[PDB]
Amino acid sequence: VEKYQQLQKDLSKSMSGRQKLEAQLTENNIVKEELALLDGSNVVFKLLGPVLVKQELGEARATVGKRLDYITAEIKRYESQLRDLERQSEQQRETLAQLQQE
Amino acid sequence: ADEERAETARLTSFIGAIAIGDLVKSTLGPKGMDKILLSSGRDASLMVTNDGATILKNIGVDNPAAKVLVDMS
Amino acid sequence: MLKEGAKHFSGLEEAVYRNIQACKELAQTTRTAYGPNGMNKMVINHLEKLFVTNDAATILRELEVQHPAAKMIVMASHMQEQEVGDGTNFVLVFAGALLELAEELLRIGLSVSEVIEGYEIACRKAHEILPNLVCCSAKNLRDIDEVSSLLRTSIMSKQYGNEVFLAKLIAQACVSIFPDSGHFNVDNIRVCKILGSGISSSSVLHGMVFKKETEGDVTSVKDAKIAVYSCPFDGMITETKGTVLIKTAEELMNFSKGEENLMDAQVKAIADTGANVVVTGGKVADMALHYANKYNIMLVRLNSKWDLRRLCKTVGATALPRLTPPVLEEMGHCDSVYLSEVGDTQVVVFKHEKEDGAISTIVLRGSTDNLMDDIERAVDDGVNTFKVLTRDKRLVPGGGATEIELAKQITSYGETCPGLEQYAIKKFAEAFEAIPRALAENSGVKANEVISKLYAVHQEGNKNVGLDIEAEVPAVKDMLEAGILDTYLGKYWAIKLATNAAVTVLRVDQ
Amino acid sequence: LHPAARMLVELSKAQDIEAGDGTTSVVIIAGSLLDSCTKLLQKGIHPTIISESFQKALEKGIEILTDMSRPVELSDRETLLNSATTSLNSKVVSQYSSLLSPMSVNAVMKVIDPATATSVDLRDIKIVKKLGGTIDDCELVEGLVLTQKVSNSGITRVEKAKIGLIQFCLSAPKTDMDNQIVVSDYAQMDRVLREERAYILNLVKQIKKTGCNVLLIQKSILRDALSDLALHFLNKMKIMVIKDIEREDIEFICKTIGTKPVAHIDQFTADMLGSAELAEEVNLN
Amino acid sequence: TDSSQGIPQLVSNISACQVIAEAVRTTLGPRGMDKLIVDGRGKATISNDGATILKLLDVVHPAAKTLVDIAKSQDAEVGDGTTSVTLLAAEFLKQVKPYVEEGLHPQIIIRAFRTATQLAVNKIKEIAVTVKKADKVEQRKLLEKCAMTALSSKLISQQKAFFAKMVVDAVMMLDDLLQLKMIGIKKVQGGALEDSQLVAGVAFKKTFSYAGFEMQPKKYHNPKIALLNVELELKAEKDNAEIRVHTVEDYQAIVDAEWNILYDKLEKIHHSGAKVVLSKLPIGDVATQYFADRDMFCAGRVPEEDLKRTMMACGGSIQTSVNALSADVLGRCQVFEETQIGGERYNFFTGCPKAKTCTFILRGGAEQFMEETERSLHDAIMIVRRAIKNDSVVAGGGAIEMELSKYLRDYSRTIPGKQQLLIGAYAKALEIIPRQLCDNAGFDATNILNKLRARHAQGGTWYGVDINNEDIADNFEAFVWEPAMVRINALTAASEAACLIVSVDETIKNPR
Amino acid sequence: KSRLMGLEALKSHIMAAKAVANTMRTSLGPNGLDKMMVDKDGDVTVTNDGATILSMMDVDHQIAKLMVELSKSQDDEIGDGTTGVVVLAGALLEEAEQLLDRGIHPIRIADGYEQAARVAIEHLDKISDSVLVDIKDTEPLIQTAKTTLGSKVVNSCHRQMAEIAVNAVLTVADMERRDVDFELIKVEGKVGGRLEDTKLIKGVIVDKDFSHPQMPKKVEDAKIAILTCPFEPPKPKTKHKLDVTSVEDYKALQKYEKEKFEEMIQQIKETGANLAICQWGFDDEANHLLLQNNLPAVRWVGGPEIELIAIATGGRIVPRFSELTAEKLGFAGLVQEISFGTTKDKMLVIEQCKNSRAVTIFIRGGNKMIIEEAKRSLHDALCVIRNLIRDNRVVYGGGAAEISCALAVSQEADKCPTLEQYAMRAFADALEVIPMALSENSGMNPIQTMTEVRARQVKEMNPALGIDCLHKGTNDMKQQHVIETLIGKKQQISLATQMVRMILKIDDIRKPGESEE
């Protein structure tokens, strides 16, 4: 029954964005190595928004760290919302399953 | 539920309150001689008092006389 | 043993002493349990159910004994009862009595085979003069008083008081309705007790008596295609839902509505499978029933496995749970299927009676089943005491008159034979007085009075005892000449079967 | 757990802090009187009577006792050395103590202001240790030796150093990890990520704006947390960051060298900022 | 596999038989010492009969457990003789226990029992006396006496003579029973004993006030009676639920809707015709407002039996649903009246479309005379309705036994031997029965019994003890009056109860 | 499944009344030392009569069980003499085994006791005055509430309650034609006031709902409006979410509040009784925005209260605010806003001279103990007059009738003889137990003290005088003014032998294995 689905639905929904963070998180680590590697040897660039800002080395690492951090925090965001959306489905299942049935 | 009739109670109501009115008067007075406080709740955890109000607290006593005399003092 | 070894609970004392006493106490119980008696023995079931019987197997079945001694033999009285009615209450006590003479011979120090054979020898000798003890035979199995004369005996052999109208009503039950030519049926003759009215009010409805309520309209036709079902309607609905009531609400109104026409379907398919009566080991279903009232299918709201059994038995029926539109397998047998009120209860009735498929079902009215049960005990026997399946039963004196007849005879021979064989053959003809001693008690006299006269009456094949004042002083009844007689048959068996074990049960010291 | 036996584990325990000396011996003193007691109780002397006789008599005792003792110069660290060392060599531990006696009496003589040499509490005196080292690698130290250090871009040697306290989180509050995130989707995260990043830098800024050459950050559990990258942004402020430090040491550095608790940017103040004439970590000995 | 034979088992039989006999002994006599029986649930039992207390008592003796049937068999058929037969077969089992040991052990025990009662039951039925509507009585004076007779023992006031005529007529009205369940005495607060009352239908002891209760009709020349297994209230249909408030209409909302469905429940029965809505359960605050606003009578907490006894008198039906009811599961009278006698608002249900029920309204509202009169009236029923049933009537308190026990020992010299004792002791077994009531009447039974023996010997009409008077006399003449058949019943019950068991020292007992 | 024998069981039964009646014997009257209770749940308390204690005490035994059972009807009606039959029936109980010990039927002993009450009844019948009237019975109820308000909470009769005792029972009594119901009169304490805050309440008293006092405190009409409906937008004493989805709905709410206020101010006023008891709870905000409008608005009302005050008025309730009629409003003889205590809120006292189908007289207390100690006085003082108006009959009590009613009965003994003289003798003696037992619980030698009015009983007859109940140096029941409802004494008389008559009932002392189980 539809009530059971949204909770399953929003589950993998907010699950989707939470995962790709880790690959970003992974490359956030990949760039830290290079932001530890670059002294600014060749022009360092953040790009956030349709503008490409002038970026400086020293502000970039704390950024990507925050970016790493900010993303790293975002494993917890839905892992809260995971069980949230996971639970409300299960609760209605036996009901709505049997409701589907009879 | 259970009748406690005159004399045997009047012993109990006394003998406890008798016991009660002593380790307080023991302690009572400037030369009133102290009583070690005993907390059976925490080990023996102790003070040594001249105060009976502390005495009631530390070691819980059941006498109706006491419970009255508790409230009185 | 002396060692840690092997397995035995008999032998030494046990074989000689304790088995014989294990061969004693229950025979001791059966002594006034057999023959004319006022003895009564209370019993509680595994139901803890208080009941009184002078029948053994009832008592027997719930008796456990570490010995086989008491244990093994009781099959014989059953092996007996497999053959006939009572005389079974006589079977064991005959053994036990004649047995403990041997432990005396063991005190006297007589060898087993020496003790064994003289009985066996004389066991013939019994069976040899046993036909000389035929004082009559069974003329009309259709006649009531021809038969009632007998039936009174096993009932008497059970209990003294009620024997007469029983012996009447049982032939009024028409044991007549079978040839009993080798064709006789106690599946077609059933004792069905109505709890209600009196036992003198107890009737016999020829045709199946099912006190179970005849449910709704009676049979479609009297040659009833019968659907016998353990669970023909278990309900067609399942209510499990969001609430197992409603969550999406209209989904409820489907099935409670959609259930009943499936019961109609089934019931229509009872009419469609063709059953002129449907039979529910499980519950009736009201709408279904209402449909079965529309389709006028006779029904039984609830059916004992016992019901279903006889149903499955005689109909050719098969009791089945059906959540499906039903299938006739059960079909029909009985060519008239009725509703009766006896004790004023709906009686589901099935009668095909062919003299061969012939159903005469005793319907016992009575206000107590324990009443109608200890009754049915003797009634169990009388019919199958009647059931010899010799139309000519070579009627021999009832009540035990033949006993003393051969007491003189075979011990007079037991006299004539020599050796240690003597007392073997001699104790043999001494085995009779036990019951003439036993019932003499409940009669109220010593057995010497009894037996001296039972001896002094000498050869009679009449003069005998029981529970009576005739059984008291005279040591004379007519256990022939009064109408109390016995088939020649169970005699041979009551004689033989016990003689075998009494021989055999001693020989095993293990 | 016997209570009069508890009194004993109470008794010398005080003598530990009362002295650290004669603690075994203050066990030895008590029973002797109690030995004399049941006597007077076999005599039946009254506990008040028994009592008031005694602490009185102790006064009466300490007097005659006092003159037995010899007043020795407490201004003269040598007389202090000698006596204590003579004490030390009249007493159990001379091994390192006498070797450490030039250290002991000195930090003392340091915290000795008066010729009286007062009581000389051990408070400002800070016992520190270092795994291994040497008894010669033992030393008194005139300013606080601190546990490790935090410098990402942080200043290693900073001097005349106003010592910052942080009782506030520099990371911005911890939301789903250390910092401010709300997302079921990246549009959500990418929009509000502007907020957290910039201000934690500002809260970092103001600290150096508040004149912190050193920063005492008590433990990240005694904290919310410090994001090391904004702390790298803070280490970029060339403050000397000592993070994850005990509230005790905070209080010690509070009470002793006068870096008082700072829970807020405004709550940065020179009173709450100790001044380290040289704060530089040392790896050696 | 358990059992025992042997006289020890037989003695084991009588072992229980005398003890349980001692129970009932005077239990139906006015006096004794009572043990209230509180049952593990906390359920007190004082019951006047042993039977109900026997219903409590397990019997480890199948022997003594038979009498549990037989005393009940004497209880169910009558309601009396339960005590009596319990004092008889045991008395039998008492008598022969030596005789067994004396040798009577053979079945001449049970052989002799039958003629004994067979002797009596004829001699019994013969001496009993039959009456008509014009004969000795109006047919009422029979019941009048027999009610007076039963209103005698507990003396109360003399209006027992006048109460006698009261109970007679509803007794006349139903008499579909020896039992009183369909009439019953309703102890009625207020009034006096002297003014008592007898309803021609049911009536309800107490129904309770509500909003506008004196308004709600206490008078119908016909109701439609809603017999409710269920109640109506604001706790049955919520008066309490929250809401999220924006316009205060939201406050007005959750209150108005809830108010409906309570009124829905009752208006569906109010529009199913019921002017009398009987909830054997209370009615709550908002629901009775509807009853009060409906201006159709409702009653909360009205006796379920009276509610059931209603559908006896009123031909009604208990309505377990309150929703969308109907007139057949309703009930009727051609008078619904209601009035408060003393303090109890008392429903009057009569002119009922049928009667399976009358009821007796006993006033005075007084604990003392009334509870006795009741206990006295109940047996008037046990007499007067059975007096109707059997006009041939006999007399208690040894108005028979002496003659009987005489008549038997009379025939003893013919027998002599074992069963001569069954001629004498079966004779003997009788007079312990009144021997209880001489305890109860405060007499020595022996010389009471003695003379009355002689005074059934040299006498021989009814001479026997009377506890009502606390005297002895011709008891039928004392108007000690019970039909004969109840004798024969107890006789048959008693003489049969024993003979079975004496034939058993042999009892098989199996867990399997 | 073990079975005591007769006398044995009674000997086992006689083991009961002894101690439980004993508890009374030093508790009898003020000279009796009253009864104390403690709990398995840890509550030490003082108890009184039989009922209070014997209900608070728990009763093992059928004897002890019947006590509370036998007890109820006593304290129900008369309220005074409760503890008495305990001693008395217990005394006669110990007279019973005694005559069984004297070899006399349990049957017979209970027999001649019954009418032995009669020769005490007729004896009691004579005693003192079988009359009282309004201005008269004021004074004995003064006396009754003298000894009632002077024996229990305070030993000082406080004439307020002493008069509060007389008036409202009369109010239900004079309504019911020299009949009155203890149900209708009701004794209501609420602490925070005083035992000297004592109120004669012939109507209902409830705290007047103020979600604001300053928004005018007032009581209006004399009459009450009892409402299941709103007098202001309704709510069932349960949380109602007040939020507004926009900043604008913030503006309309308080208007809606006041639009229905004035409308319910309108539609209940036009119904009647601007004071309106709304069964419904409601926000303290808007409740005082109607208060800000007008008319203190009663909200958060007990569901019982509305129907309680409804039936008391005899008027109904408005179930639905669209339904409006003054009969669905209540009836207050006087609605009066009354400050409850100096400590706390004004109440709204509804005093119903319209109809009071319940009358709940009121008192306060400095403590909940003493306030209930006081109600303990009040109930039973209202209980005597209860019957004592139904019959105005009073008999000087306290042993003067006990020393006397025994006179008729024990003298009736050899008038009786056979078993009845015994059942006159071992009967009447149980009476003089109490003046003995009252002298017992006093500092007094009872047999001595009993001997005194005895001489009087030889000197005089049925003393309106007697022995000091107050333990006064002077002995009357006149100087003591100890006189009880000549009902209640006989009402008390009715109880004692009944119990003995109860313990005998049937012949069955057997138990299945269940007796007290």
# chains A, B, ... in the order shown; residues from 1 in each chain; ligands from 1
>>> residues_around(residues="residue 270 of chain D", least_positions_apart="4", cutoff="10 Å", atoms="only C-alpha atoms", output="PyMOL selection string")
chain D and resi 162-164+210-212+258-260+274-275
>>> write_last_selection(atoms="N, CA and C atoms", output="mmCIF file, in the first residue's frame")
data_model
loop_
_atom_site.group_PDB
_atom_site.id
_atom_site.type_symbol
_atom_site.label_atom_id
_atom_site.label_comp_id
_atom_site.auth_asym_id
_atom_site.auth_seq_id
_atom_site.Cartn_x
_atom_site.Cartn_y
_atom_site.Cartn_z
ATOM 1 N N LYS D 162 50.957 36.088 24.893
ATOM 2 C CA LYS D 162 49.654 36.132 25.523
ATOM 3 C C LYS D 162 48.995 34.789 25.263
ATOM 4 N N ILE D 163 48.674 34.084 26.340
ATOM 5 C CA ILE D 163 48.292 32.680 26.282
ATOM 6 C C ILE D 163 46.780 32.619 26.266
ATOM 7 N N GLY D 164 46.212 32.210 25.137
ATOM 8 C CA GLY D 164 44.781 32.150 24.980
ATOM 9 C C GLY D 164 44.193 30.904 25.612
ATOM 10 N N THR D 210 42.128 38.927 19.424
ATOM 11 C CA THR D 210 42.071 39.145 20.864
ATOM 12 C C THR D 210 43.456 39.058 21.486
ATOM 13 N N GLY D 211 44.492 38.954 20.659
ATOM 14 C CA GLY D 211 45.840 38.930 21.179
ATOM 15 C C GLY D 211 46.165 37.653 21.912
ATOM 16 N N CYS D 212 46.061 36.530 21.213
ATOM 17 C CA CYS D 212 46.535 35.261 21.732
ATOM 18 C C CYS D 212 47.756 34.851 20.931
ATOM 19 N N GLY D 258 48.526 32.164 35.484
ATOM 20 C CA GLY D 258 47.569 33.221 35.222
ATOM 21 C C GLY D 258 47.025 33.299 33.815
ATOM 22 N N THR D 259 46.700 32.165 33.208
ATOM 23 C CA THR D 259 45.864 32.159 32.015
ATOM 24 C C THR D 259 44.462 31.726 32.422
ATOM 25 N N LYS D 260 43.553 32.687 32.496
ATOM 26 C CA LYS D 260 42.256 32.402 33.092
ATOM 27 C C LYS D 260 41.264 31.964 32.014
ATOM 28 N N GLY D 274 47.290 34.401 29.858
ATOM 29 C CA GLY D 274 48.595 34.414 30.475
ATOM 30 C C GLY D 274 49.635 34.902 29.501
ATOM 31 N N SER D 275 50.745 35.382 30.046
ATOM 32 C CA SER D 275 51.815 35.905 29.209
ATOM 33 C C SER D 275 53.020 34.992 29.332
#
>>> select_by_dssp(residues="segment 280-459 of chain F", states="strand (DSSP E)", output="list in words")
residues 334, 335, 336, 337, 338, 339, 346, 347, 348, 349, 350, 351, 359, 360, 361, 362, 363, 394, 395 and 396 of chain F
>>> interface_residues(of="chain A", to="chain C", cutoff="8 Å", atoms="only C-alpha atoms", output="list in words")
residues 92, 94, 95, 96, 97, 98, 99, 100, 101 and 102 of chain A
>>> write_last_selection(atoms="C-alpha atoms", output="PDB file, in the first residue's frame")
ATOM      1  CA  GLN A  92       3.060  -0.488   7.917  1.00  0.00           C
ATOM      2  CA  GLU A  94       2.435  -6.406   7.791  1.00  0.00           C
ATOM      3  CA  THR A  95      -0.591  -4.133   7.950  1.00  0.00           C
ATOM      4  CA  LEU A  96      -0.448  -2.863   4.370  1.00  0.00           C
ATOM      5  CA  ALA A  97       0.732  -6.201   2.983  1.00  0.00           C
ATOM      6  CA  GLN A  98      -2.272  -7.890   4.581  1.00  0.00           C
ATOM      7  CA  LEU A  99      -4.159  -4.760   3.534  1.00  0.00           C
ATOM      8  CA  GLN A 100      -3.044  -5.340  -0.048  1.00  0.00           C
ATOM      9  CA  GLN A 101      -4.094  -8.963   0.420  1.00  0.00           C
ATOM     10  CA  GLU A 102      -7.552  -8.528   1.957  1.00  0.00           C
TER      11      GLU A 102
END
